[PDB]
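Listed here are the chains, written in short residue letters.
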Amino acid sequence: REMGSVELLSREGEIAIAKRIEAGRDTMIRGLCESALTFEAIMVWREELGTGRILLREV
DNA sequence: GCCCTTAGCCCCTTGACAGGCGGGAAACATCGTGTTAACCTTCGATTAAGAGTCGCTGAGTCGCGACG
């Protein structure tokens, strides 16, 4: 009943939902890469990577 | 008849295995993940041919009175 009387089958809106998810990921990445501990933690963690730490598949 | 001498049994010391639970080291069969992108975006049973009663709900009928 919830699926039918409430939810409506998204016809040709799958690509729109995918683009919305991509936009949300872009917003999250833009908010992450800013002046805060996230940029310092990602930069400090990446400093050890590349030579003696995980350079690929983890960053 | 008693004491001395010697034999047999019991006990102690060493030991050359034998293999035997068991962790380690290794070779090999599990167990939880992923990942792929060419087409359908409501599936389905199951009482319901006897019988005594518990727990709740919602319709049609009346009183009490006020305003003309």
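Residues numbered from 1 in each chain as written, not as in the entry; some residues may be left out. Chains lettered and ligands numbered in written order. Part of a larger assembly, values for the part shown. Heavy atoms only, no water. Residues with missing side-chain atoms left out of burial classes, pairs and counts.

- Method of determination, as given in the entry header: cryo-EM; reported resolution: 3.8 Å.

### Brief notes about the overall build of chain A
Line of reasoning, step 1. Of regular secondary structure, chain A possesses three helices and zero strands.
Line of reasoning, step 2. Computed over C-alpha atoms, the radius of gyration of chain A comes to 19 Å, more than 25% over the 10 Å expected from 2.2 N^0.38 for 59 residues, which places it beyond the range of a compact globule.
Line of reasoning, step 3. Overall, chain A is about 55 × 25 × 20 Å in size when its C-alpha atoms are taken along their principal axes. (Helix = DSSP H or I, 4+ residues; strand = E, 2+ residues; numbered from the N terminus. Rg over C-alpha atoms; globule rule 2.2 N^0.38 Å.)

### Some words on unusual backbone geometry
Line of reasoning, step 1. Even without a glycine there, the phi angle at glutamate 12 is positive, about 65°.
Line of reasoning, step 2. Secondary-structure assignment places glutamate 12 in the loop between α1 (2–6) and α2 (14–32).
Line of reasoning, step 3. A positive phi is found at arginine 57, a non-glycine position, where the angle reads about 70°.

### Topic: helix α3 (residues 37–48)
Line of reasoning, step 1. Under the 1.5 Å per step criterion, the end-to-end length of α3 is 17 Å for twelve residues, consistent within 8% with the ideal 16 Å.
Line of reasoning, step 2. At the C-terminal side of α3, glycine 50 shows a positive phi close to 105°. (Expected span 1.5 Å × (residues − 1).)

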